[PDB]
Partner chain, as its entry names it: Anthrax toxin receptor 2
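Below you will find one chain, with nothing else, as structure tokens; this is the form solved without its partner chain, and questions on how it binds or moves follow later.
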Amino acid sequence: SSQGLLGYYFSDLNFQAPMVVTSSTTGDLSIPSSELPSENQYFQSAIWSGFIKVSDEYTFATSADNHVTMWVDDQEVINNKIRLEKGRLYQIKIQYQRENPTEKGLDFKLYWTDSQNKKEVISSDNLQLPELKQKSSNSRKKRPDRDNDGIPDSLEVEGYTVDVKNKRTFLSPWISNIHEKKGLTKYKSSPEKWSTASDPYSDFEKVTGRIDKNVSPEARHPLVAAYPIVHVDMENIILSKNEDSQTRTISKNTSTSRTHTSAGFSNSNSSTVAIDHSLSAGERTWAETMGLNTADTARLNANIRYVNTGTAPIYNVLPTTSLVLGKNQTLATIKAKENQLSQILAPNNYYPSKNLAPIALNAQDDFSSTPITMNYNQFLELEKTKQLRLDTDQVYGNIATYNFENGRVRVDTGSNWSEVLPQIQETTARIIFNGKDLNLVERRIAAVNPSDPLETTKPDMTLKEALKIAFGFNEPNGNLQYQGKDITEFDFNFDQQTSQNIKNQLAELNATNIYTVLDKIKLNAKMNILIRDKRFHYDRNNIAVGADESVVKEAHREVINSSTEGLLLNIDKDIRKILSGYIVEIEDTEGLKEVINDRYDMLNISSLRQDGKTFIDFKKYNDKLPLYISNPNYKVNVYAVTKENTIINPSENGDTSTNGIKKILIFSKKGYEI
């Protein structure tokens, strides 16, 4: 389907100005005008290249032997019978030249005649593409295409588009008046890098779809890197005292976020786990709870999934992960089995898939899962920090590559992510953007390195363009936007060397404001850019943990219903992500306040309804009773507590109340107003 001979069709007589590059499944190398430029639909020369497999005497003929020169394995057979053997592969090259064709397009067929005198256009089952790889195979050797990706040098430099016909793809020069209107993508790439983003798929494989279909759509652009990015998401945890007495475990939900520690030049995969601090009867310590004494040890189970937030799949090794307490006390090393993955882990996906159960760190009947053990002091430290860190390495295994011999994609034992990642990291600018549900998503984009001559052969990459191709920013009416939000609703942060670089650029441009000149800010290799929703406050991991009083209040303004049982509100998915809970209080006529859920571990009274609305439940820690308001003039005040003001342990002096918690008023109404 993606197999056959490769054709270059030129408007000039000497193979200088290619107009179309395309493959044909069979000896029919025609392109009718209906598939086409206009005054440039007159091709005066052409070149086809590929291999032929068969066992007989064969004579070659074309529909135009007078203009044709054809080579089989480097012997001229057209400018005459020749012997070919079954199960062997012969290179083919065909050149054609005609000086003022009066028809547009090309009618051209390649035939052969066997010994039984059967002449026919060569079958698709006999034709294969050239070996457009950085290396020859034992079978198919390779050889105006300096890097051998298949795209002519001049197209890569000057700009090209691919049109998806039904049968196959035409690659042609970009032209303003035809293609900008029709809204086509304008590609440039290096003519000397087989993969301009230094990744394992070629610029030509990308744009013609001869590529692993699990590769992210944006990474089908030759200027956007395709590579996995993997972290571990822990969903819940259960702690146990290490060894017929009763169950004495602590089970808690957990929230995990991939992190980034500034912008910074580290390529590590890490996630930070927050263990829920809310109520799980009594207010015992953890050791009291499990009956741990000072010489006991505890252990930990959890449910996890792997998360691929990059742009290429992983097939046959999940990366290895350290579970770390505090700054550097490794509690465990988590490995899955090499070459025994139950599924691939695709971009923007989980392993296991969400429709299947998660992985238990100590799985049911797995006899050799290592206990994740803590000594007593480590246990107390976990109680107090309620935090773990998962450090995941970048060992991702073998790559699924396109095979030009059979037009198939398969895991190639000879190709490995560890051979590609370093050069990807070396030749691209990195942007981390959180505009999608506030999680940190990293992309890398081909960008010039002025100090490295090869990298100066790549097209200029602007900040604006980068954001459009790597993250799907668009500009529907003069303004760059991500899914409806203007770019000005996000901040820019850079590492120190990038910051200096960008400051020099703006001064050169006499620009005072970065947002009005994104189209003129150039990106270089090794830059690091962090772009974050401005509504939010972020911690040192760049996770969203707060927001302005004004933003929080505004987001709660629209109230659907209120009563003595609770509140029913529409709250933005994003705001909800920065809140740990609510505090409900009745304020009497003299100003004194009765706090109803007055404990740091009893703030979890919001819940997401199946209809998307939020219910704030007054009954839950009021002993299942609606609020009792002894006087209609009393007020019911409700407060939001952001995660960065959340208290996660009793206070120093032992107080477990909400006293002193920094909280944001978001609802206040008298008894008679409810």
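Positions refer to the first chain, counted from 1. Whichever C-alpha set is largest while still superposing within 1.5 Å between the two forms counts as the rigid core.
Keep in mind that the form deposited with its partner chain bound is missing from the display, and what follows is about it.
Asker: Work out which of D598, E465, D495, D276 lies within 4.5 Å of its partner chain in the entry with it bound, going by heavy atoms.
Answerer: The option sitting close enough to the partner is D598.
Asker: Heavy atom within 4.5 Å of its partner chain in the entry with it bound: which of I502, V409, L331, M602?
Answerer: Only one listed residue qualifies here, and that residue is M602.
Asker: Name the stretch, out of 62-70, 615-623, 40-48, 636-644, where some heavy atom lies within 4.5 Å of its partner chain in the entry with it bound.
Answerer: Heavy-atom contact with the partner occurs in 615-623.
Asker: Is it true that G282, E594 and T656 each have at least one non-hydrogen atom within 4.5 Å of its partner chain in the entry with it bound?
Answerer: Every listed residue reaches its partner chain in the entry with it bound, so yes.
Asker: Could you confirm whether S630 comes within 4.5 Å of its partner chain in the entry with it bound, counting heavy atoms only?
Answerer: Residue-level check for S630: yes, a contact with its partner chain.
Asker: So in the entry with it bound, does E288 come within 4.5 Å of its partner chain, heavy atom to heavy atom?
Answerer: Within the cut-off, so yes.
Asker: Just one of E455, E218, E442, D495 has a C-alpha that shifts by 2 Å or more between this form and the one not shown on a rigid core fit; which is it?
Answerer: Result of the superposition: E455 is the only one at 2 Å or more.
Asker: Once the core is aligned, does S49 move its Cα by at least 2 Å between this form and the one not shown?
Answerer: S49 C-alpha, core-superposed: shift of less than 2 Å.
Asker: Once you overlay the rigid core, does the Cα of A287 travel 2 Å or further between this form and the one not shown?
Answerer: Passes the 2 Å threshold, so yes.
Asker: Classify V641 as shifted (yes) or not shifted (no) between this form and the one not shown, where shifted means its C-alpha moves by 2 Å or more with the rigid core superposed.
Answerer: No.
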